[PDB]
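Source file: structure08.cif; contents: mmCIF, C-alpha atoms.
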data_work
loop_
_atom_site.group_PDB
_atom_site.id
_atom_site.type_symbol
_atom_site.label_atom_id
_atom_site.label_comp_id
_atom_site.auth_asym_id
_atom_site.auth_seq_id
_atom_site.Cartn_x
_atom_site.Cartn_y
_atom_site.Cartn_z
ATOM 1 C CA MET A 22 118.561 116.523 81.628
ATOM 2 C CA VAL A 23 117.933 112.997 82.981
ATOM 3 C CA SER A 24 116.093 113.461 86.261
ATOM 4 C CA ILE A 25 113.049 112.557 88.271
ATOM 5 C CA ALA A 26 111.508 115.495 86.389
ATOM 6 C CA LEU A 27 112.113 113.788 83.028
ATOM 7 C CA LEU A 28 110.604 110.477 84.181
ATOM 8 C CA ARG A 29 107.627 112.373 85.587
ATOM 9 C CA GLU A 30 107.231 114.194 82.263
ATOM 10 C CA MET A 31 106.997 110.871 80.396
ATOM 11 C CA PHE A 32 104.211 109.724 82.733
ATOM 12 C CA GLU A 33 102.286 112.969 82.302
ATOM 13 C CA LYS A 34 102.772 113.773 78.605
ATOM 14 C CA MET A 35 102.814 110.211 77.207
ATOM 15 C CA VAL A 36 100.839 107.920 79.522
ATOM 16 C CA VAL A 37 98.223 110.226 81.055
ATOM 17 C CA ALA A 38 97.839 112.034 77.732
ATOM 18 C CA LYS A 39 97.788 108.712 75.813
ATOM 19 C CA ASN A 40 100.079 110.262 73.203
ATOM 20 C CA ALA A 41 101.652 107.465 71.165
ATOM 21 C CA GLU A 42 103.560 109.980 69.024
ATOM 22 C CA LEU A 43 105.787 110.699 72.040
ATOM 23 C CA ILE A 44 106.858 107.079 72.603
ATOM 24 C CA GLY A 45 109.896 107.688 70.391
ATOM 25 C CA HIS A 46 110.521 111.007 72.136
ATOM 26 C CA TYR A 47 110.885 109.430 75.580
ATOM 27 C CA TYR A 48 112.149 105.921 74.714
ATOM 28 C CA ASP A 49 115.367 104.822 72.982
ATOM 29 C CA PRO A 50 114.911 102.643 69.856
ATOM 30 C CA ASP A 51 116.820 99.864 71.668
ATOM 31 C CA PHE A 52 114.560 100.098 74.741
ATOM 32 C CA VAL A 53 113.671 96.893 76.589
ATOM 33 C CA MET A 54 110.932 96.715 79.245
ATOM 34 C CA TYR A 55 110.915 94.117 82.042
ATOM 35 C CA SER A 56 107.559 94.087 83.843
ATOM 36 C CA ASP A 57 106.366 91.318 86.176
ATOM 37 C CA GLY A 58 108.497 88.704 84.444
ATOM 38 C CA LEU A 59 107.688 89.733 80.863
ATOM 39 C CA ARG A 60 110.280 91.227 78.503
ATOM 40 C CA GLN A 61 109.238 93.506 75.616
ATOM 41 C CA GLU A 62 111.434 95.190 73.049
ATOM 42 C CA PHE A 63 110.721 98.704 71.769
ATOM 43 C CA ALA A 64 108.552 97.846 68.766
ATOM 44 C CA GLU A 65 106.261 95.454 70.674
ATOM 45 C CA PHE A 66 106.139 97.989 73.524
ATOM 46 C CA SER A 67 105.262 100.834 71.139
ATOM 47 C CA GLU A 68 102.659 98.859 69.176
ATOM 48 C CA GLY A 69 101.084 97.797 72.468
ATOM 49 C CA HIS A 70 100.801 101.277 73.957
ATOM 50 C CA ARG A 71 99.591 102.724 70.653
ATOM 51 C CA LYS A 72 96.802 100.132 70.571
ATOM 52 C CA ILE A 73 95.861 100.913 74.175
ATOM 53 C CA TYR A 74 96.161 104.663 73.601
ATOM 54 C CA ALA A 75 93.401 104.202 71.005
ATOM 55 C CA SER A 76 90.885 102.672 73.434
ATOM 56 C CA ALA A 77 88.582 104.547 75.824
ATOM 57 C CA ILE A 78 90.915 103.855 78.750
ATOM 58 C CA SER A 79 91.889 106.694 81.086
ATOM 59 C CA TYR A 80 94.970 107.031 83.328
ATOM 60 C CA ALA A 81 95.652 108.932 86.554
ATOM 61 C CA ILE A 82 99.035 108.820 88.308
ATOM 62 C CA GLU A 83 100.050 109.366 91.938
ATOM 63 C CA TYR A 84 103.698 109.659 93.007
ATOM 64 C CA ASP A 85 105.355 108.716 96.281
ATOM 65 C CA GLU A 86 107.487 111.812 96.740
ATOM 66 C CA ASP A 87 109.581 110.087 99.437
ATOM 67 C CA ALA A 88 110.670 107.121 97.313
ATOM 68 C CA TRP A 89 112.635 108.728 94.459
ATOM 69 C CA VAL A 90 116.242 107.746 93.699
ATOM 70 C CA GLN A 91 118.128 109.905 91.191
ATOM 71 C CA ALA A 92 121.529 108.950 89.758
ATOM 72 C CA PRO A 93 123.308 110.153 86.597
ATOM 73 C CA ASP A 94 121.239 108.674 83.764
ATOM 74 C CA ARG A 95 119.036 106.472 86.084
ATOM 75 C CA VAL A 96 115.904 107.042 88.149
ATOM 76 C CA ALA A 97 113.877 104.806 90.465
ATOM 77 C CA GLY A 98 110.542 105.552 92.026
ATOM 78 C CA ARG A 99 107.180 104.374 93.269
ATOM 79 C CA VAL A 100 103.908 105.390 91.622
ATOM 80 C CA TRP A 101 100.276 104.363 91.534
ATOM 81 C CA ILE A 102 98.490 104.141 88.195
ATOM 82 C CA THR A 103 94.696 104.216 88.326
ATOM 83 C CA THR A 104 92.995 102.908 85.187
ATOM 84 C CA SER A 105 89.407 103.790 84.231
ATOM 85 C CA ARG A 106 87.245 102.097 81.626
ATOM 86 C CA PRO A 107 83.786 103.302 80.464
ATOM 87 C CA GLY A 108 81.296 102.715 83.279
ATOM 88 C CA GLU A 109 83.648 100.209 84.938
ATOM 89 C CA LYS A 110 85.084 100.282 88.441
ATOM 90 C CA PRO A 111 88.530 101.948 88.319
ATOM 91 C CA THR A 112 91.560 99.850 89.189
ATOM 92 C CA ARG A 113 94.688 101.057 90.969
ATOM 93 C CA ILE A 114 98.118 99.440 90.572
ATOM 94 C CA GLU A 115 101.260 100.223 92.561
ATOM 95 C CA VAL A 116 104.418 100.266 90.421
ATOM 96 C CA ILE A 117 108.011 100.323 91.593
ATOM 97 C CA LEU A 118 110.363 100.841 88.697
ATOM 98 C CA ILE A 119 113.963 101.523 87.717
ATOM 99 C CA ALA A 120 114.562 103.548 84.543
ATOM 100 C CA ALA A 121 118.027 103.630 82.947
ATOM 101 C CA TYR A 122 118.668 106.204 80.230
ATOM 102 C CA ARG A 123 120.748 106.373 77.058
ATOM 103 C CA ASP A 124 121.282 109.745 75.309
ATOM 104 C CA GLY A 125 118.410 111.362 77.203
ATOM 105 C CA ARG A 126 115.812 108.636 76.522
ATOM 106 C CA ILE A 127 114.695 105.587 78.483
ATOM 107 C CA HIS A 128 116.803 102.575 77.514
ATOM 108 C CA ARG A 129 115.771 100.053 80.193
ATOM 109 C CA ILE A 130 112.857 99.755 82.617
ATOM 110 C CA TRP A 131 112.700 97.088 85.294
ATOM 111 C CA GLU A 132 109.414 97.173 87.185
ATOM 112 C CA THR A 133 107.072 95.088 89.307
ATOM 113 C CA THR A 134 103.494 95.875 90.182
ATOM 114 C CA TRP A 135 101.056 95.078 92.973
ATOM 115 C CA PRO A 136 98.565 93.612 92.424
ATOM 116 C CA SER A 137 100.234 92.333 89.267
ATOM 117 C CA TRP A 138 98.886 94.062 86.153
ATOM 118 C CA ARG A 139 98.790 90.537 84.654
ATOM 119 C CA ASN A 140 95.047 90.322 85.383
ATOM 120 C CA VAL A 141 93.598 93.788 86.023
ATOM 121 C CA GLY B 20 129.319 106.547 103.964
ATOM 122 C CA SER B 21 126.389 107.949 102.029
ATOM 123 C CA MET B 22 127.496 106.114 98.827
ATOM 124 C CA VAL B 23 128.028 102.702 100.499
ATOM 125 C CA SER B 24 124.367 101.664 100.388
ATOM 126 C CA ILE B 25 124.713 98.855 97.814
ATOM 127 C CA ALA B 26 127.457 97.181 99.842
ATOM 128 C CA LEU B 27 125.457 97.422 103.070
ATOM 129 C CA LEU B 28 122.386 96.000 101.327
ATOM 130 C CA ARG B 29 124.443 93.081 100.040
ATOM 131 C CA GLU B 30 125.805 92.414 103.512
ATOM 132 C CA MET B 31 122.314 92.518 105.024
ATOM 133 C CA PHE B 32 121.112 89.970 102.467
ATOM 134 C CA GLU B 33 124.039 87.677 103.241
ATOM 135 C CA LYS B 34 124.400 87.981 107.015
ATOM 136 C CA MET B 35 120.753 88.493 107.980
ATOM 137 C CA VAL B 36 118.566 86.875 105.295
ATOM 138 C CA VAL B 37 120.515 83.900 103.880
ATOM 139 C CA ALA B 38 121.874 83.211 107.376
ATOM 140 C CA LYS B 39 118.371 83.633 108.911
ATOM 141 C CA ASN B 40 119.894 85.641 111.761
ATOM 142 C CA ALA B 41 117.141 87.648 113.436
ATOM 143 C CA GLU B 42 119.629 89.056 115.941
ATOM 144 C CA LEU B 43 120.982 91.264 113.136
ATOM 145 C CA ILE B 44 117.678 93.009 112.356
ATOM 146 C CA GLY B 45 118.545 95.635 114.976
ATOM 147 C CA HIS B 46 122.001 95.959 113.411
ATOM 148 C CA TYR B 47 120.976 96.607 109.782
ATOM 149 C CA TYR B 48 117.656 98.422 110.304
ATOM 150 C CA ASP B 49 116.985 101.819 111.866
ATOM 151 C CA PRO B 50 114.684 101.817 114.918
ATOM 152 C CA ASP B 51 112.303 104.086 112.968
ATOM 153 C CA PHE B 52 112.316 101.689 109.989
ATOM 154 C CA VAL B 53 109.156 101.166 107.942
ATOM 155 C CA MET B 54 108.753 98.527 105.247
ATOM 156 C CA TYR B 55 106.334 98.855 102.332
ATOM 157 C CA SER B 56 105.979 95.562 100.469
ATOM 158 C CA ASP B 57 103.201 94.318 98.142
ATOM 159 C CA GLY B 58 100.516 96.286 99.982
ATOM 160 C CA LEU B 59 101.778 95.611 103.518
ATOM 161 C CA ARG B 60 103.184 98.380 105.694
ATOM 162 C CA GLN B 61 105.200 97.376 108.761
ATOM 163 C CA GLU B 62 107.028 99.432 111.351
ATOM 164 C CA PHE B 63 110.243 98.046 112.863
ATOM 165 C CA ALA B 64 108.665 96.057 115.701
ATOM 166 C CA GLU B 65 106.222 94.167 113.471
ATOM 167 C CA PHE B 66 108.843 93.730 110.724
ATOM 168 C CA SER B 67 111.248 92.248 113.259
ATOM 169 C CA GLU B 68 108.607 89.929 114.749
ATOM 170 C CA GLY B 69 107.534 88.794 111.280
ATOM 171 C CA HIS B 70 111.070 87.953 110.222
ATOM 172 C CA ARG B 71 111.868 86.223 113.533
ATOM 173 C CA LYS B 72 108.959 83.895 112.812
ATOM 174 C CA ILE B 73 110.139 83.396 109.212
ATOM 175 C CA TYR B 74 113.656 82.527 110.370
ATOM 176 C CA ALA B 75 112.244 80.075 112.915
ATOM 177 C CA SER B 76 110.542 78.200 110.048
ATOM 178 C CA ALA B 77 112.118 75.563 107.782
ATOM 179 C CA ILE B 78 112.618 78.064 104.967
ATOM 180 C CA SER B 79 115.886 78.417 103.035
ATOM 181 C CA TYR B 80 116.928 81.510 101.064
ATOM 182 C CA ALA B 81 119.121 82.219 98.044
ATOM 183 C CA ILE B 82 119.786 85.742 96.716
ATOM 184 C CA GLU B 83 120.779 86.886 93.221
ATOM 185 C CA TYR B 84 121.261 90.422 91.916
ATOM 186 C CA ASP B 85 120.778 92.062 88.539
ATOM 187 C CA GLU B 86 124.064 93.929 88.375
ATOM 188 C CA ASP B 87 122.800 96.056 85.454
ATOM 189 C CA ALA B 88 119.868 97.516 87.391
ATOM 190 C CA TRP B 89 121.428 99.264 90.413
ATOM 191 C CA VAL B 90 120.584 102.899 91.120
ATOM 192 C CA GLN B 91 122.726 104.578 93.736
ATOM 193 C CA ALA B 92 122.497 108.042 95.272
ATOM 194 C CA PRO B 93 123.400 109.621 98.624
ATOM 195 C CA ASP B 94 121.863 107.392 101.340
ATOM 196 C CA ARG B 95 119.740 105.557 98.742
ATOM 197 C CA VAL B 96 119.850 102.452 96.555
ATOM 198 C CA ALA B 97 117.386 100.774 94.219
ATOM 199 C CA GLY B 98 117.918 97.354 92.753
ATOM 200 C CA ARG B 99 116.503 94.259 91.103
ATOM 201 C CA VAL B 100 116.996 91.028 93.041
ATOM 202 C CA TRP B 101 115.686 87.469 92.908
ATOM 203 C CA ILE B 102 114.901 85.784 96.214
ATOM 204 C CA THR B 103 114.534 82.022 95.970
ATOM 205 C CA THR B 104 112.708 80.368 98.871
ATOM 206 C CA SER B 105 112.389 76.661 99.578
ATOM 207 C CA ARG B 106 111.169 74.315 102.285
ATOM 208 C CA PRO B 107 112.195 70.651 102.583
ATOM 209 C CA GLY B 108 110.338 68.476 100.099
ATOM 210 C CA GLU B 109 108.780 71.514 98.394
ATOM 211 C CA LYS B 110 109.472 73.043 94.999
ATOM 212 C CA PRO B 111 111.466 76.290 95.414
ATOM 213 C CA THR B 112 109.936 79.601 94.353
ATOM 214 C CA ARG B 113 112.066 82.285 92.722
ATOM 215 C CA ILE B 114 110.636 85.750 93.407
ATOM 216 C CA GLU B 115 111.728 88.840 91.476
ATOM 217 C CA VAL B 116 111.940 91.969 93.629
ATOM 218 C CA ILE B 117 112.307 95.609 92.649
ATOM 219 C CA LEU B 118 113.247 97.523 95.780
ATOM 220 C CA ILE B 119 114.187 101.016 96.925
ATOM 221 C CA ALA B 120 116.072 101.413 100.224
ATOM 222 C CA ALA B 121 116.726 104.675 102.078
ATOM 223 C CA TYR B 122 119.446 104.766 104.754
ATOM 224 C CA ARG B 123 120.042 106.767 107.927
ATOM 225 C CA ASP B 124 123.631 106.604 109.209
ATOM 226 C CA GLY B 125 124.318 103.209 107.653
ATOM 227 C CA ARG B 126 121.032 101.611 108.774
ATOM 228 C CA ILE B 127 117.990 100.907 106.614
ATOM 229 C CA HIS B 128 115.248 103.462 107.287
ATOM 230 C CA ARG B 129 112.719 102.797 104.496
ATOM 231 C CA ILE B 130 112.148 100.004 102.013
ATOM 232 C CA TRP B 131 109.590 100.227 99.218
ATOM 233 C CA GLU B 132 109.387 97.052 97.164
ATOM 234 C CA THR B 133 107.085 95.030 94.941
ATOM 235 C CA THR B 134 107.577 91.402 94.035
ATOM 236 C CA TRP B 135 106.516 89.044 91.276
ATOM 237 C CA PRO B 136 104.964 86.579 91.887
ATOM 238 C CA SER B 137 103.816 88.273 95.106
ATOM 239 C CA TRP B 138 105.589 86.811 98.134
ATOM 240 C CA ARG B 139 102.333 87.138 100.082
ATOM 241 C CA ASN B 140 100.847 84.236 98.082
ATOM 242 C CA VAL B 141 103.945 82.004 98.425
ATOM 243 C CA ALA B 142 103.007 79.044 100.645
ATOM 244 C CA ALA B 143 106.348 79.230 102.463
ATOM 245 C CA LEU B 144 105.454 82.829 103.384
ATOM 246 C CA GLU B 145 101.632 83.117 103.326
ATOM 247 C CA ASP B 146 101.820 82.608 107.108
ATOM 248 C CA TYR B 147 103.508 86.030 107.571
#
Rewrite the coordinates I just gave you, this time as structure tokens.
Amino acid sequence: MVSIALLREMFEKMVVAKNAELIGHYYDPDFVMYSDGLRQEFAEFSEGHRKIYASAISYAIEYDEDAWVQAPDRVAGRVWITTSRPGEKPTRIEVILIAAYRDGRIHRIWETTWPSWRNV
Amino acid sequence: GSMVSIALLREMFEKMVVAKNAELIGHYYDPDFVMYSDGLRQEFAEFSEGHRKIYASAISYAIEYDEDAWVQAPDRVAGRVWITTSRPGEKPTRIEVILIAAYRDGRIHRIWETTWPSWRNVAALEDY
């Protein structure tokens, strides 16, 4: 159930597909995200992705297949997210993240990014 | 030994980093070690030279852990740590680090980490 494969599925079927209807499928209602010093609870997180998943943004994801760590109900890994906007130069961000699960859904993420997504 | 990685990481942070003891780099790190950190990639020799120069500086270190965020697996650990750096007469900087460490026979063989704010723009470290 909880595995690298499940975290990878969230990236592919929610982020890359920009499918806001799957936020609640992959994320626990008590989810909290920590990203580069910011903390967001589930509803802010969901409203934010749903607003972005409505724009003309596009996502591509690369995985570092050497960096995975898989424990019962927790995964850590290293990925690169490349973000494209209409006619704009694409930007690539490296993300290292820890995902802790509750009842098969993501309950906590702790992540940091380089260069920080704060101003991409 | 494969499930001891958290404890070895803690000891490295205490006996090598906070103590600024460059003699222990060869003890805690595999000779084939490679570090990936905020866009830098360093093999063992360059990593060891870089940290020798750090530890010869006036920097001081403090380490805290997020005990909720550990991930442990055979020969692997990921964690969330805060590294506070300071130099005399300078405001300290507290850097949040998410790191993944892979071990070979009790020695660190790979680290992948990203930090916020990036340590590479911290004045105490921008020399590195």
- Task: Might you spell out which residues the PyMOL selection byres ((chain B) within 10 of (chain A)) would select in the displayed file, as a ChimeraX atom specification?
- Result: /B:56-58,87-99,114-121,129-137
- Task: Write out as number ranges by chain the residues lying within 10 Å of residue 128 in chain A, counting all atoms listed in the file and excluding same-chain residues fewer than 2 positions away.
- Result: A: 47-54, 63, 94-95, 120-126, 130
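The space between CA of residue 75 in chain B and CA of residue 104 in chain B spans 14.1 Å.
For the pair CA of residue 61 in chain B and CA of residue 32 in chain B, the separation is 18.6 Å.
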- Task: Apply the PyMOL selection byres ((chain A and resi 82) around 10) to the file shown and report the selected residues as a PyMOL selection string.
- Result: chain A and resi 29+32-33+36-37+80-81+83-84+100-104+113-115
- How many Å lie between CA of residue 39 in chain B and CA of residue 85 in chain B, rounded to one decimal?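 Result for CA of residue 39 in chain B versus CA of residue 85 in chain B: 22.2 Å, one decimal.
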